[PDB]
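Trainee: This one's experimental. Sequence and coordinates below.
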Amino acid sequence: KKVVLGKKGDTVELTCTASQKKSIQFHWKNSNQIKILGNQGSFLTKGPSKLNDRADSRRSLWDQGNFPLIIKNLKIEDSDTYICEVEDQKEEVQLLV
Amino acid sequence: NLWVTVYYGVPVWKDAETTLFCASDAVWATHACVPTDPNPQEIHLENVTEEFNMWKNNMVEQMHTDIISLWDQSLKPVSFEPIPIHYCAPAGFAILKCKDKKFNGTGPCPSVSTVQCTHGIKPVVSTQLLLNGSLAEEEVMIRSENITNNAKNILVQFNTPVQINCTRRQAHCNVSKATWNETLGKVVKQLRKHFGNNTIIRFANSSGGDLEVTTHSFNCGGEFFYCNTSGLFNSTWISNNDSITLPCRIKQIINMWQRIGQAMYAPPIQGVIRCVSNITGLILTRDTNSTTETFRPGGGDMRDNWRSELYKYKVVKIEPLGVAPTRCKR
Amino acid sequence: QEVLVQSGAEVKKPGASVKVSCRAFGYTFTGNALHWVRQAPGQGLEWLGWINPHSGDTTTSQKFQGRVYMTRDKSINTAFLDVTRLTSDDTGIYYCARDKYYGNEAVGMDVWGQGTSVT
Amino acid sequence: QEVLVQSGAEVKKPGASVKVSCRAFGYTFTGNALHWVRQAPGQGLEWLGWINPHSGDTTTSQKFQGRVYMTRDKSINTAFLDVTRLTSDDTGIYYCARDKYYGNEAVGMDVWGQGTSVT
Amino acid sequence: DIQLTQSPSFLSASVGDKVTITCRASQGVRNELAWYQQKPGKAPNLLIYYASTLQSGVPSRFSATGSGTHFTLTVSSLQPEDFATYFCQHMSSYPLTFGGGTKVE
Amino acid sequence: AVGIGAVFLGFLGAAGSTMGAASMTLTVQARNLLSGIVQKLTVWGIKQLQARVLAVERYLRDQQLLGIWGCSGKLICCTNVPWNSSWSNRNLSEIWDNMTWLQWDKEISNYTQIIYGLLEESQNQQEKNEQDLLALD
Amino acid sequence: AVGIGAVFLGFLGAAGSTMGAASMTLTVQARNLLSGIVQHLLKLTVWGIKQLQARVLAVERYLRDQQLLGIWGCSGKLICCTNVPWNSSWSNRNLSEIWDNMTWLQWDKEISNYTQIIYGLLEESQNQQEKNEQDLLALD
Amino acid sequence: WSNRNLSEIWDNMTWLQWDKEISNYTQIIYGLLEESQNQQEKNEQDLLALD
Ligand SMILES: *[C@@H]1O[C@H](CO)[C@@H](O[C@@H]2O[C@H](CO)[C@@H](O[C@@H]3O[C@H](CO[C@H]4O[C@H](CO)[C@@H](O)[C@H](O)[C@@H]4O)[C@@H](O)[C@H](O[C@H]4O[C@H](CO)[C@@H](O)[C@H](O)[C@@H]4O)[C@@H]3O)[C@H](O)[C@H]2NC(C)=O)[C@H](O)[C@H]1NC(C)=O
Ligand SMILES: *[C@@H]1O[C@H](CO)[C@@H](O[C@@H]2O[C@H](CO)[C@@H](O[C@@H]3O[C@H](CO)[C@@H](O)[C@H](O)[C@@H]3O)[C@H](O)[C@H]2NC(C)=O)[C@H](O)[C@H]1NC(C)=O
């Protein structure tokens, strides 16, 4: 259970690493299981969540197994618990702001 | 007293994987390929039931790697028309095909046949809307590995081909409206068996992101079409001519065929490009969740394109040798 | 799935010969023998003969010996019936039927086609 | 080079079970039988039983029949000794020993482990 | 040859009745009898093989008993789709021939 | 009843028939196991002769394993190794008249190497080296 | 003394044992002569040819050895007996001197000089003097 | 299949003139040698192994 802190109106990076170094499917959701951001390979797909306009991930690290989540213009209401579903593993991460 | 008796040629098989090879007729990338048989032999195996699993099928990965290799050879200098490709097995292996109409994707099949090799398939490169595929019989079929989990995707196979017309005035696609309405009525009905008899079902557009996921990305006549599909998926269905025009755009450098860090320029060639094709299925993504559920178009991962059509087949390895008790003294 | 499909209706003069077909779908043709059954209109059924598709051997009812003939083609999975020297008594419906064929003997004809009207 | 490596010391309550391991280094494990010999402290050697590492056939002495079990594992070249229903007379040091095994019979115990102390 | 008589030829019954119809063979034909059901304009479909064993797909209300020269088939409860004609077939020896037929109305 | 002779089920056609009926049709499956005949980027000349080499290496290994447990007049042979009764204990009418081969492998697949070790050793060290004592005179 | 049964020495695992004992474990070396198992962006095939050449050579060598046993009398292999007289010019030693006190290596270090003449005698004798005999035996 | 006697067949012709006339009758003897003894020498020693 990793914990990350963020500032008001800034960019926070959410790390989530795989066991191997391979571009492979992942998912990023919130505590209420609403989809935020995932892939269909290397095509980044966004969810119906409210954070869709500010969600971003680094494609150039996807070969290295690092599957981040970049948040810009960080507000108050998005301090939630984020689930990184990567092959039946729930890498739970907490966001404070 | 009983003794061990050794038999050779026993018809038993195990689940195993090996290499497969192409077989397609006698243009695009297939000139180093074996000609097919004039009469493909099939043998129906009565009293034989076993389990299939089209999510752990190994044939679609080999087909994926083969088709990336052949298409990467094809584009790097040629025509881009998809050609039906048969997939044949070596000596000692067998291909098992389940011909039953009821098939949720995994589990037992009550009637199976062994086929030397498959009916031919065209390697279409498209997202959202399944183009030029093969059609299931009876009713509209829904396939997934987890209905309750929204992290997976939903595969939809039709009973009737939906006519669409690529035209290149801005380039646009023509869709029949009433046929589309009755086929999505058929689709929503089968979604109502899998979610409840008091559920309201909505269809909206894509959530956003890369343009290849949000738009119908396909190839008509060597030309690259990216069509906004908000006019199709905008409907709702309760708890119990006319024509549709899809606007399309053509881009020069794209991302396609699941390749990372991609840029390649392509100009228009000559003339007016107009083609007809058939929607055969859909790929959908599931999204205070008790009454309203909305499904959105998806795609992207191109192994789902081959998994939508190679669900019928599995590869088995024949073990010829067996032992049994028998009253025999030598 | 295991269905038999035949040719269409035929009308032919007396003294001639007629040829009907029977093609099998859904099963292996060479694994089961095939019977032929005729029916006069308004009467019962009448049996003619039966063919092993794998060997090509034929067995005919002795009323119809030398008159009805049975052939096969394994490449297109068809069995063919020939009736020569036509009279007015043979007008009716011709069926091809798959025997269930357990224990290398006739058991019961479980799959039938939808019939041929020969006049 | 032909040595046997044993587990650590164990302390157990009476009525429980103890499991010790014996791993082979320096010889082919499936070619020599293995004995389990115990020593109470201050007294002589007492025999338990012996096991073939290939076939899995076991032999326990009749005093410890139904009380002392011997299993094997060829993947890690190891034999396991289980002693159940402990009393105070079982306290001592335990050895796994390799038999020379010439001519399909017991010959002599040439390779011995370092011993396992159980109390 | 081999003669088969079905009794009665025409039988009248209502919906839900239990009806037993009889097939006679001129010799002992042991147990190799088959029962078939035909609707007009359609091909006959098989009901009973081996004179006692049910065909797959035929529901449990149909049954058949008998040996030697005597056989019966019995429907326990008549449904409106069962009103058809019913045939009994031997294959003990050549020639194979058909019964007289029993139409139920 | 009346008969005409046997029929032809085909390749892998005995998986749904009884084992006693499947014993007569071993040879037509055994013929086309290797099949035979058959007859700048490199396809059909590499990555396809590897399939033939794998099939030949499987067939030669299976034929060698059948020739070690020495019968070599193949497709049926007997052996002087007794059958253990703990391995799916059934009657001869139950197995040979009512069961298929695949369901039998479904129960006997847990004992394959224990079969193969005894069949690999016991006869061919006990059938041989007693003819060495028999041919002394 | 007491016994529990035979053991498994392994592949090539009895080359130092006696002559009689090494003739009990002939079977575990016949399996591994053929062995089996085995199991970028497609630029070059440099070890897609050489491994395949090695496998083809191994298959051909095993077929040549089986064909050599097939020309001579038997093919019911791993031990069988024939009818060539053993002349005393080839290593005249007693039966206990070569069957109790020898490994197979010390046997081949002596009979490495006379493989071809023994192979020729086995090539001709049983294969042309046991054959053309049964046809005269089966006159009646 | 080439009805000849022994003094025609074994001392005065080669194998070429033998197979030149037996090439008409290849599969008709190969099927009989395939089926007859291989289903008749079999299925009888199992009955001989009863006792
Ligand atoms: C690696 O090398 C070592 C030493 O070089 C080998 O160890 C020898 O193994 C042999 C087995 O081949 C042993 O021989 C056995 O000796 C037993 C005891 O012999 C004594 O007692 C008899 C009377 O009973 C006296 O006649 C004899 O002189 C000795 O005083 C015998 O009882 C055994 O006989 C059995 O086998 C023979 C085989 O011909 C039969 O005739 C018998 O009936 C009986 O079945 C046997 O002869 C020998 O003792 C070992 N030690 C040495 C030489 O010091 C290893 O075996 C070898 N490794 C491998 C894997 O082989
Ligand atoms: C597939 O499975 C069915 C089971 O429904 C098999 O049908 C069975 O076949 C056997 C022999 O083919 C029948 O046994 C027969 O019984 C009669 C009774 O008098 C007797 O003459 C013989 O003992 C004969 O063996 C059996 O009745 C029949 N049905 C059942 C329910 O067991 C079928 O053979 C299987 N295989 C194929 C290829 O269809």
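Mentor: Structure received. Numbers count the residues shown, from 1 in each chain, chains lettered A, B, ... in the order given. Ligands and ions are numbered 1, 2, ... in the order given.
Trainee: ranges for the strands of chain C?
Mentor: C:3-6, C:17-25, C:34-39, C:45-51, C:58-60, C:68-73, C:78-84, C:92-99, C:109-112, C:116-118 (DSSP state E).
Trainee: Next, format these as JSON lines and append mean neighbour count.
Mentor: (C-beta placed from N, C-alpha, C; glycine too.) Below are those laid out as JSON lines (neighbours: other Cβ atoms under 10 Å in any protein chain shown):
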{"stretch": "strand C:3-6", "mean neighbour count": "17"}
{"stretch": "strand C:17-25", "mean neighbour count": "18"}
{"stretch": "strand C:34-39", "mean neighbour count": "22"}
{"stretch": "strand C:45-51", "mean neighbour count": "22"}
{"stretch": "strand C:58-60", "mean neighbour count": "17"}
{"stretch": "strand C:68-73", "mean neighbour count": "18"}
{"stretch": "strand C:78-84", "mean neighbour count": "19"}
{"stretch": "strand C:92-99", "mean neighbour count": "22"}
{"stretch": "strand C:109-112", "mean neighbour count": "23"}
{"stretch": "strand C:116-118", "mean neighbour count": "18"}
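Trainee: For my notes, please list these in a markdown table and give distance to chain H for each entry.
Mentor: Shown next, in a markdown table, are the strands of chain C (distance: least, Cβ to the nearest Cβ, whole Å):
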| stretch | distance to chain H |
| --- | --- |
| strand C:3-6 | 31 |
| strand C:17-25 | 26 |
| strand C:34-39 | 24 |
| strand C:45-51 | 21 |
| strand C:58-60 | 21 |
| strand C:68-73 | 19 |
| strand C:78-84 | 24 |
| strand C:92-99 | 24 |
| strand C:109-112 | 30 |
| strand C:116-118 | 36 |
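Trainee: Tell me which of the ones you listed sits nearest to residue A:45.
Mentor: Proximity to residue A:45 (Cβ to Cβ) singles out strand C:17-25 among the strands of chain C, at 44.1 Å.
Trainee: Contact partners for the residue nearest to residue A:14 when sequence neighbours are not counted?
Mentor: With Cβ to Cβ, 6 or more residues apart in numbering or on different chains as the criterion, residue A:14 has its nearest non-adjacent residue at 3.7 Å, and that residue is residue A:69. Residue A:69 makes contact with A:13, A:14, A:16, A:28, A:36, A:37, A:55, A:56, A:57, A:82, A:84 under the criterion Cβ atoms under 8 Å, 6 or more residues apart in numbering or on different chains.
Trainee: Out of these, the closest to residue F:95 would be?
Mentor: Closest to residue F:95, out of all of the contacts of residue A:69 and judged by Cβ to Cβ, is residue A:84, at 53.8 Å.
Trainee: Could you list everything that closest one pairs with in the sheet?
Mentor: Applying DSSP bridges to residue A:84 gives these bridge partners: residue A:28.
Trainee: can you check residue E:21 too?
Mentor: Going by DSSP bridges, residue E:21 is paired in beta bridges with residue E:73.
Trainee: how far away is it from chain F?
Mentor: Separation of residue E:21 from chain F (Cβ to the nearest Cβ, to the nearest Å): 23 Å.
Trainee: How about residue E:93?
Mentor: For residue E:93, the distance to chain F - Cβ to the nearest Cβ - is 7 Å.
Trainee: Which of the three states applies to that residue?
Mentor: When classified by DSSP: H, G, I helix; E, B strand; the rest coil, residue E:93 comes out as coil.
Trainee: ditto for residue E:56
Mentor: Look at residue E:56: counting by three-state DSSP, its state is coil.
Trainee: Could you do residue E:34 as well?
Mentor: Three-state assignment for residue E:34 (three-state DSSP): strand.
Trainee: tally of neighbours for it?
Mentor: Residue E:34 has 24 neighbours, counted by other Cβ atoms under 10 Å in any protein chain shown.
Trainee: And the one 5 residues further on, by the same measure?
Mentor: The number of residues packed near residue E:39 is 12, by other Cβ under 10 Å.
Trainee: from the contacts of residue A:69, which ones fall inside strands?
Mentor: A:13, A:28, A:36, A:37, A:55, A:56, A:82, A:84.
Trainee: Pull out the buried residues from those residues.
Mentor: Buried subset of those (neighbour count, 16 or more other Cβ atoms under 10 Å in any protein chain shown): A:28, A:36, A:37, A:55, A:56, A:82, A:84.
Trainee: and residue 82, what does it touch?
Mentor: All of this is about chain A. A:14, A:28, A:29, A:30, A:31, A:36, A:69, A:92, A:93, A:94, A:95.
Trainee: oops, chain E please
Mentor: Residue E:82 is in contact with E:37, E:61, E:75, E:104, counting by Cβ under 8 Å, 6+ apart.
Trainee: filter those residues by proximity to chain G?
Mentor: Near chain G, taking Cβ under 8 Å from any Cβ of the partner chain as the test, no member of the contacts of residue E:82 is found.
Trainee: Of the residues you listed, which pair is most distant in space?
Mentor: Put simply, by Cβ to Cβ the two of the contacts of residue E:82 set farthest apart are E:61 and E:104, 13.5 Å from each other.
Trainee: Looking at chain A, which residue is nearest chain F?
Mentor: Nearest residue of chain A to chain F, counting by Cβ to the nearest Cβ: residue A:22, 24.4 Å away.
Trainee: and that residue, how many residues sit next to it?
Mentor: Residue A:22 is flanked by 10 other residues according to other Cβ under 10 Å.
Trainee: quick one: which of the buried ones among the ones in strands among the contacts of residue A:69 is nearest to residue F:71?
Mentor: Of all those, residue A:84 has the smallest distance to residue F:71: 60.3 Å, by Cβ to Cβ.
Trainee: Verify the stated contact: that closest one with residue A:66.
Mentor: No - counting by Cβ atoms under 8 Å, residue A:66 is not a contact partner of residue A:84; they are 11.4 Å apart.
Trainee: Now the common contact residues for those two.
Mentor: residue A:16.
Trainee: and residue B:229, how many neighbours?
Mentor: Quick note: residue B:229 (other Cβ under 10 Å) scores 21 neighbours.
Trainee: still on that earlier bit, how about the contacts of residue A:69, which pair is most distant?
Mentor: Pairwise distances across the contacts of residue A:69 (Cβ to Cβ) peak at 15.0 Å, for the pair A:56 and A:84.
Trainee: Not including adjacent chain positions, what is the nearest residue to the residue of chain E found nearest ligand 2?
Mentor: Closest contact between chain E and ligand 2, by Cβ to the nearest ligand atom, is at residue E:50 (5.6 Å). Among residues not flanking residue E:50 along the chain, residue E:31 sits closest, at 6.3 Å (Cβ to Cβ, 6+ apart).
Trainee: Please apply the same query to residue A:5.
Mentor: Residue A:5's closest residue in space is residue A:96 (Cβ to Cβ, 6+ apart), at 4.9 Å.
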